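For reference, the structure is listed below as structure tokens.
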Amino acid sequence: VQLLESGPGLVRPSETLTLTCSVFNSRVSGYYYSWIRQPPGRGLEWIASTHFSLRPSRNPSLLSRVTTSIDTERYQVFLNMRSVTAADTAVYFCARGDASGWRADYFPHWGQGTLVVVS
Amino acid sequence: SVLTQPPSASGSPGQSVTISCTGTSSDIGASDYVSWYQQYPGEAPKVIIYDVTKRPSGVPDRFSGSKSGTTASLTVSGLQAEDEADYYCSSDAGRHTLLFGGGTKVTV
Amino acid sequence: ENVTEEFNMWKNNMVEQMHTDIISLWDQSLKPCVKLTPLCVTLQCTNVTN
Amino acid sequence: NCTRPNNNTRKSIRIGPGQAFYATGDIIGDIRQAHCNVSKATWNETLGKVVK
Ligand SMILES: *[C@@H]1O[C@H](CO)[C@@H](O[C@@H]2O[C@H](CO)[C@@H](O[C@@H]3O[C@H](CO)[C@@H](O)[C@H](O[C@H]4O[C@H](CO)[C@@H](O)[C@H](O)[C@@H]4O)[C@@H]3O)[C@H](O)[C@H]2NC(C)=O)[C@H](O)[C@H]1NC(C)=O
Ligand SMILES: *[C@@H]1O[C@H](CO)[C@@H](O[C@@H]2O[C@H](CO)[C@@H](O)[C@H](O)[C@H]2NC(C)=O)[C@H](O)[C@H]1NC(C)=O
Ligand SMILES: *[C@@H]1O[C@H](CO)[C@@H](O[C@@H]2O[C@H](CO)[C@@H](O)[C@H](O)[C@H]2NC(C)=O)[C@H](O)[C@H]1NC(C)=O
Ligand SMILES: *[C@@H]1O[C@H](CO)[C@@H](O[C@@H]2O[C@H](CO)[C@@H](O)[C@H](O)[C@H]2NC(C)=O)[C@H](O)[C@H]1NC(C)=O
Ligand SMILES: *[C@@H]1O[C@H](CO)[C@@H](O)[C@H](O)[C@H]1NC(C)=O
Ligand SMILES: *[C@@H]1O[C@H](CO)[C@@H](O)[C@H](O)[C@H]1NC(C)=O
Ligand SMILES: *[C@@H]1O[C@H](CO)[C@@H](O)[C@H](O)[C@H]1NC(C)=O
């Protein structure tokens, strides 16, 4: 399994964020996929978690603007958060759960990450 | 960030360092889903302790977890010159909601 | 006691009646339930994992 | 001992008035092969008795 993350450069204060990490050697189904974020100084706050056929979860402090989804044909996952502010600029990782496929407690696999500085 | 940790810790080679992670009763005392991560400054974190007292395959068995009441403790025994990394604690707060900690930078 | 009956297992009628009764019980339990014959269409199939 | 490691999900589809078709949604976790286990020594003894 390989998680390759992508996001567009620097974002405007009112333009929304679109984040996508393609999966390699995986089904993008039957596995919980989660997003975690850390500011440059310190971080590791988790944004959201998704599953194909089970109930997702969202961060209460960011539940307002989290609209995340998955695509099975192209094997991708999209954060697509909006209403961004200059104070949330940070680097993002996407991760998936263990081989069990039903646990979103710990995330063994991770990804490279993206800068996504807010202008 | 409900869960908090001491800002840093230090020691000497061949010694043991204990790191404490605290939270409310509803957070940590609800279930056993407590995890610890380490990350290098230039790399992504990796799981070191999952489910409080279990460890992933292919890692050194020099780490542990105690679940002392509503507080968790991680002990590192026989640390070396390359075991200097940040340590984060995460726990489940119901409805598949995780809460992280402030991290503990261990230097030697 | 004092009796010796001549048995044969390859020519008894219990097996035939059991076979036809099992077949009949199998058949009568498939009458009420759904008849899947709109499913004969042209399917389009792909691999489940890649 | 026979086993089917896959963790399936069944999905119901309505094809008419009062008619339901039960498809398969997906599989949670890893896709693994179904298989059966027998003990070697006991089978060896049984085959020896059968040969005798
Ligand atoms: C088994 O195969 C089936 C059939 O391919 C597959 O179901 C299909 O999944 C895709 C992707 O999830 C669905 O396509 C989407 O449908 C919605 C609703 O109509 C559209 O809005 C989507 O288009 C938008 O979103 C895309 C991704 O963000 C954008 O790229 C696009 O430009 C649009 O903005 C998209 O087309 C499709 O509808 C289903 N089909 C059915 C019949 O359900 C299923 O996931 C496969 N399962 C497994 C386990 O492999
Ligand atoms: C197959 O997947 C299902 C999830 O759809 C698992 O069901 C969970 O099982 C655990 C273990 O007892 C329960 O705590 C959960 O409440 C169940 N439901 C969920 C998570 O929605 C099931 O355990 C899996 N099968 C195996 C053998 O692991
Ligand atoms: C049936 O036999 C197989 C083969 O020995 C068993 O699979 C083993 O399971 C253990 C426990 O998870 C693994 O450590 C081994 O690596 C597995 N063997 C192989 C070859 O991969 C299985 O547990 C047995 N019992 C069943 C299927 O019920
Ligand atoms: C097939 O499954 C049975 C039942 O799970 C296994 O029997 C177990 O055997 C171990 C010792 O080998 C005992 O400690 C367990 O108590 C047994 N199970 C039960 C429920 O009593 C058996 O080992 C399996 N494998 C075979 C038969 O090859
Ligand atoms: C027939 O059965 C009776 C009743 O057990 C027994 O007393 C008698 O000895 C048997 N006949 C012979 C020839 O053994
Ligand atoms: C799908 O499976 C077929 C049959 O094994 C294989 O030939 C093909 O390369 C696979 N991948 C596709 C069609 O993308
Ligand atoms: C069965 O066991 C006997 C004695 O242990 C041995 O000689 C024989 O080779 C075995 N059969 C097989 C197929 O291994």
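Quick note, the sequences are listed as chains A, B, C and D, same order.
Every letter in the first sequence is one number past the one before it in the deposited numbering, and letter 118, counting from 1, is 119.
Every letter in the second sequence is one number past the one before it in the deposited numbering, and letter 14, counting from 1, is 14.
Every letter in the third sequence is one number past the one before it in the deposited numbering, and letter 36, counting from 1, is 122.
Under the deposited numbering, the letters of the fourth sequence match residues 295 to 309, 312 to 321, 321A, 322 to 347, in that order.
Even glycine gets a Cβ: it sits at the ideal position worked out from N, Cα and C.
Alpha-carbon to alpha-carbon, B:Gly94 and residue 371 of chain D: As shown, chain D starts at 295 and ends at 347. That puts residue 371 of chain D outside it, with no answer to give.
Under 8 Å by Cβ, that's how I've got A:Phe53 and A:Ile37 pegged, so tell me the actual separation to the nearest angstrom. No, A:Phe53 and A:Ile37 are not in contact; Cβ-Cβ is about 20 Å, not under 8 Å.
Using 8 Å as the threshold, is the region 16-30 of chain B in touch with the region 27-46 of chain A, meaning 3 or more CB pairs across them? no
Distance, B:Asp86 Cα to B:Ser10 Cα: Each residue's alpha carbon lies about 12 Å from the other.
If you drop the 5 nearest sequence neighbours on each side, which residues of the same chain put their C-beta closer than 8 Å to that of A:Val78? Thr21, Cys22, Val24, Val29, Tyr34, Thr51, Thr69, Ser70, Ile71, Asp72, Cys95
Count the other C-beta atoms from every protein chain shown that fall within 10 angstroms of the C-beta of C:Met104, then say buried if there are 16 or more, exposed otherwise. exposed
Counting contacts by CB-CB distance shorter than 8 Å, is A:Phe25 in contact with chain D? no
Compute the minimum distance between the beta carbon of C:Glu87 and the heavy atoms of ligand 5, and state whether it is under 7 Å. yes
Determine which residues of the region 96-119 of chain C have a Cβ less than 8 Å from any Cβ of chain D, and write them out in chain order. none
What do you reckon, are the CB atoms on A:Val85 and A:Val118 nearer than 8 Å? Going by C-beta atoms, A:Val85 is not nearer than 8 Å to A:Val118.
Within the continuous beta strand (DSSP E) that includes D:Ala319, where are the two ends? It spans 315-322 - the beta strand (DSSP E) in which D:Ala319 sits, taken as one unbroken run.
Which stretch, first to last residue, makes up the alpha helix (DSSP H) that contains C:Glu102? 100-114
Give the single residue among B:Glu84, B:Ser64, B:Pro7, B:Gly69 whose Cα lies nearest to the Cα of B:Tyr50. B:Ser64
Does any residue of chain B have a CB that is nearer than 8 Å to the CB of A:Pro40? no
For a contact defined as C-beta to C-beta under 7 Å, what are the partners of A:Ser101 on chain D? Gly324
Assuming B:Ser90 and B:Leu79 form a contact by the criterion Cβ under 8 Å, report the distance between their Cβ atoms to the nearest whole angstrom. About 22 Å separates the two Cβ atoms, so there is no contact after all.
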